[PDB]
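Novice: part one of the assembly, not moved from where it sits:
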Amino acid sequence: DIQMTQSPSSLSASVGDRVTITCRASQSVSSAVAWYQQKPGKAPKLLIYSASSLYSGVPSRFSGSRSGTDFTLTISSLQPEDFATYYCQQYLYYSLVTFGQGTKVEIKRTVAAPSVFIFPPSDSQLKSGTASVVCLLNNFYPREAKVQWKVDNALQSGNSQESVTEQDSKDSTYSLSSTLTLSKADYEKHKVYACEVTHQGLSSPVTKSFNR
């Protein structure tokens, strides 16, 4: 029942910066909140317990604070290893444990527009009978982009799926693929297909089209 609202759903901070993550409790939960670190693929490791006390093993960079029903995690220095997901937990009782939505601390980077491409289907697909058209965005830093599919200037919904990679190691970029799947009875309807991308680094939406 007790709900923890963790406000900054995604943070973008560089090395050595100061990171502040907040968490609001609906009820008047006492100074019993715990801040957890989770690297992608592994289990959470405790960072802060009782809203102020550092765990025996975690660096002194992390610190916690409480102001009534507000709870704060402050990371004074941000080492490259401190790029993981951070969770807020209230523990008023064993049976009342509710977590926050989580904050993914990503690496800040200069904004780059995606290099969009579109691929037509293949002869193997028409032999199979399921046409899949893919449109990929390559190397764009801010994840907040979107793509729409046009079939003779018509909007389609519910037939496109998006896959996004996690932030890279070398250039710390992203890559996204949008896949639209049709049957062959639903393939030769209209003649051209377009994927248009809108991203904050792009002023006008960029369209990539191909005719059938």
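Specialist: The structure has been received and is ready for your questions. Residues are numbered from 1 along each chain as shown, chains lettered A, B, ... in the order given.

Novice: tell me what residue A:45 is bridged to.
Specialist: residue A:37 (DSSP bridges).

Novice: hang on, it packs against residue A:34?
Specialist: No: under the criterion of C-beta atoms under 8 Å, residue A:45 is not in contact with residue A:34, lying 11.1 Å apart. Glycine gets a C-beta too; all of them are placed from N, C-alpha and C.

Novice: and the two? Which one has more around it.
Specialist: Legend: neighbour count by other C-beta atoms under 10 Å for residue A:45 and residue A:34, higher for residue A:34 (22 against 13).

Novice: which outside residues touch the helix or strand hosting the more buried one?
Specialist: Using DSSP states H and E, the element containing residue A:34 is strand A:33-38. Residues from elsewhere that reach strand A:33-38 (C-beta atoms under 8 Å, 6 or more residues apart in numbering): A:21, A:23, A:25, A:44-51, A:62, A:64, A:66, A:71, A:73, A:82, A:84-91.

Novice: mind giving me the domain ranges of chain A?
Specialist: Listed domain ranges for chain A are A:4-106, A:117-211 (source: automatic domain parsing).

Novice: how far does the shortest one stretch from start to finish?
Specialist: Looking at domain A:117-211, the gap from its leading to its trailing residue is 15 Å under the measure C-alpha to C-alpha, to the nearest Å.

Novice: please apply the same query to the longest one.
Specialist: Start and end residues of domain A:4-106 are separated by 22 Å (C-alpha to C-alpha).

Novice: now the sequence for chain B, which goes on the structure above:
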Amino acid sequence: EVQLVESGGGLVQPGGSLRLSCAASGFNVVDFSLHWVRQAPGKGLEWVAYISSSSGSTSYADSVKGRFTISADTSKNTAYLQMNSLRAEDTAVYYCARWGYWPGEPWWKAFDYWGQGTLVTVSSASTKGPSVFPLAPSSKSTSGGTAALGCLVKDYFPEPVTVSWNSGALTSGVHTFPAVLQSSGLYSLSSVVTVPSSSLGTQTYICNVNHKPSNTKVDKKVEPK
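Specialist: Just below you will find chain B, in place on the chains above:
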């Protein structure tokens, strides 16, 4: 050193049953409470169960009430979780955590030691091999510059598949994608690589896929149109 090991995860059908085990080394289960917390793929942590082996104080969450069961054994120092009639949204990775008792620091210390955590998924469909298809770059798509090659693998179960380019020869500028669940309950993945000009290196680019449970070795070729 005190540690926790989880086991029992795997592929189960909808409506099936599974029993996970969490073994403790170091501390005793009589001096600590054991919690199970699940993380859905691409989502956050939610608390699913806990057990207090001192007396027995079992209670669960509202999403799994009347559907899960937890127990513990002190002779083998283990905690077991049983799920009957699994729904399709119960696919997750399950984590075993240790929480102290009132009073003092052991309670104020929250979940201290976490296990590796094991993955359980709800198998709507049985195993089948991937279909590897090409993504042919257009001839006019940036002629003389950088063009994208790719292979799309579709309709494979279970999750782990490995896509490699020329037996790992080309690694710079490649992007494999995190697999998604289709509306049919099957998995799809795409692998792309951007190569500059040179008639795309004037060699037959290959995609070698490895799907161990279906023991497939589909090494497909991708060519320009």
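
Novice: go back to the contacts of strand A:33-38, now with chain B?
Specialist: Applying C-beta atoms under 8 Å, 6 or more residues apart in numbering or on different chains, the contact partners of strand A:33-38 are A:21, A:23, A:25, A:44-51, A:62, A:64, A:66, A:71, A:73, A:82, A:84-91, B:45, B:110-111.

Novice: state the helix or strand in which residue A:101 lies.
Specialist: Going by DSSP H and E, residue A:101 is not in any helix or strand.

Novice: could you list the domains of chain B?
Specialist: B:3-122, B:131-222.

Novice: what would these look like in CSV with mean neighbour count and distance to residue A:2?
Specialist: CSV is the format used below for these (neighbours: other C-beta atoms under 10 Å in any protein chain shown; distance: least, C-beta to C-beta, whole Å):
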stretch, mean neighbour count, distance to residue A:2
domain B:3-122, 17, 12
domain B:131-222, 17, 32
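
Novice: export the ones you listed to JSON lines and append columns for distance to residue A:112.
Specialist: As requested, the domains of chain B are exported to JSON lines (distance: least, C-beta to C-beta, whole Å):
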{"stretch": "domain B:3-122", "distance to residue A:112": "25"}
{"stretch": "domain B:131-222", "distance to residue A:112": "14"}
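
Novice: would you format the ones you listed as CSV with distance to chain A included?
Specialist: Converted to CSV, these look like this (distance: least, C-beta to the nearest C-beta, whole Å):
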stretch, distance to chain A
domain B:3-122, 4
domain B:131-222, 4
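
Novice: for those, which one sits closest to residue A:133?
Specialist: domain B:131-222 (9.7 Å; C-beta to C-beta).

Novice: okay, helices next: where are they in chain B?
Specialist: B:105-108 (DSSP state H).

Novice: now for chain C:
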Amino acid sequence: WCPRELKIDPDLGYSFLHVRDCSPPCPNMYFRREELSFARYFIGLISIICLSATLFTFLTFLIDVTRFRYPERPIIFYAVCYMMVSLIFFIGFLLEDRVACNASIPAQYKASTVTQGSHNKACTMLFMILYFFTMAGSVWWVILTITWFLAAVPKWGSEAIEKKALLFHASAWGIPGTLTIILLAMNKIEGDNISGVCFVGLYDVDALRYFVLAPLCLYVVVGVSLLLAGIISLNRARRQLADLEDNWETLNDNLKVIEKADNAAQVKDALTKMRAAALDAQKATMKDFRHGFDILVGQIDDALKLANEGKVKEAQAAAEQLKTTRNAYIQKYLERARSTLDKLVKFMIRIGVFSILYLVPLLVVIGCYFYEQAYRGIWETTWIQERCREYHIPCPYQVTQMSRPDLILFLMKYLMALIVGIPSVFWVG
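Specialist: Putting chain C onto the chains we already have gives this:
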């Protein structure tokens, strides 16, 4: 530097303008005759009413010697000190210049001048009483701040401060007493002409520099520091008692909410606020007064585990056992705290009003003493430049810098140094 009409026989301690055997004139230093008469009448006018009010305060003391306890007893020694100050400053108006002035003699061609030294004159006694009781009143206000501190941080009553009363009197008549004997030893007594009293720090720069202004500034710093320490320590212990009261009332009211409730839902939704309140109440706080909240939280735990298992009346029976623990350890502690912390509220309000009504005249006196400290050379240079021909001394070479000091400043200094005795009446009546 001294005229034939202003020269005195030596080895009598006369030192004016840093030259031996000279002394300032008695009737006119630089002011007007009518202005001096008005200033003298004004000083007498405040002096008579100050004496009347302070004698009313002392009569209120005399009607009941045990009326004021020692947390507030130093205010009556404050009152008697400033009644002696006002009595001396009224004697100055009544006697005009017959005491704090030497007499003229036309046969010796000398003029009336300021008594400065021992001689055989009551100006010594006037300096003793005025300086002693002014410093004593300031130190007694410092002691009142000390007694409020002893009633704020190491909370005492009207008994422990009584057992330190001998040391308090030793200080409050020892620093003024030792300073008075030091100033009488160094022959730094002087004489007023504006009022008619004798005091130190009038025509000597250093005596007003670090024997009058510096002790008062030190007293003000000490008193304001102790007052601020008391305010902080009282409003930390007030809000920390305020939240503990709020945490306890949200536990007692919720215990009543549990008792007359039904269903298996609101018993959990109410007990979950009890546990949250109990943990915060433990943090406030002695070992038994934290172990008690520790066994209360576990008692909520035993009630909350029964509520989760769908047992409603057992949670009623488990929660009703919290009433024994509350009475056995706390709930007498609150009204004993809310009384010792609300007579201290009203004592803090009274001492704050007294401080804000007494310090402002004292701060004005400090400011005017600083003003007389700053421009002493300029004022004496203007005196010499203006008064050159009739005194036949050589005129200053250069640097006129004409500046005649205003009657308003000195009358303010003599005004707020006597209105300080008025601040007792508010506490008396």
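
Novice: once more for the contacts of strand A:33-38, now including chain C?
Specialist: With contacts defined as C-beta under 8 Å, 6+ apart, strand A:33-38 is touched by A:21, A:23, A:25, A:44-51, A:62, A:64, A:66, A:71, A:73, A:82, A:84-91, B:45, B:110-111.

Novice: let's go with 6 Å and repeat that
Specialist: A:44-45, A:47-49, A:51, A:71, A:73, A:84-87, A:89-90, B:110 (C-beta atoms under 6 Å, 6 or more residues apart in numbering or on different chains).

Novice: quickly find the element holding the closest residue to chain A within the stretch 101-250 of chain C.
Specialist: Nearest residue of the stretch 101-250 of chain C to chain A (C-beta to the nearest C-beta) works out as residue C:250 at 8.2 Å. Residue C:250 is part of helix C:238-259 when elements are defined by DSSP H and E.

Novice: on contacts alone, who are the packing partners of that helix?
Specialist: helix C:266-284 (3 or more C-beta pairs under 6 Å, 6 or more residues apart in numbering or on different chains; DSSP states H and E).

Novice: what residues does chain A have near chain B?
Specialist: Chain A has residues A:34, A:43-44, A:46, A:49-50, A:91, A:94-95, A:97, A:99, A:101-102, A:117, A:119, A:122, A:124, A:134, A:136, A:161, A:163, A:175, A:177 near chain B, with proximity defined as C-beta under 6 Å from any C-beta of the partner chain.

Novice: now, those that are in strands?
Specialist: Among the residues of chain A next to chain B, DSSP state E puts A:34, A:46, A:49, A:99, A:117, A:119, A:134, A:136, A:161, A:163, A:175, A:177 in strands.
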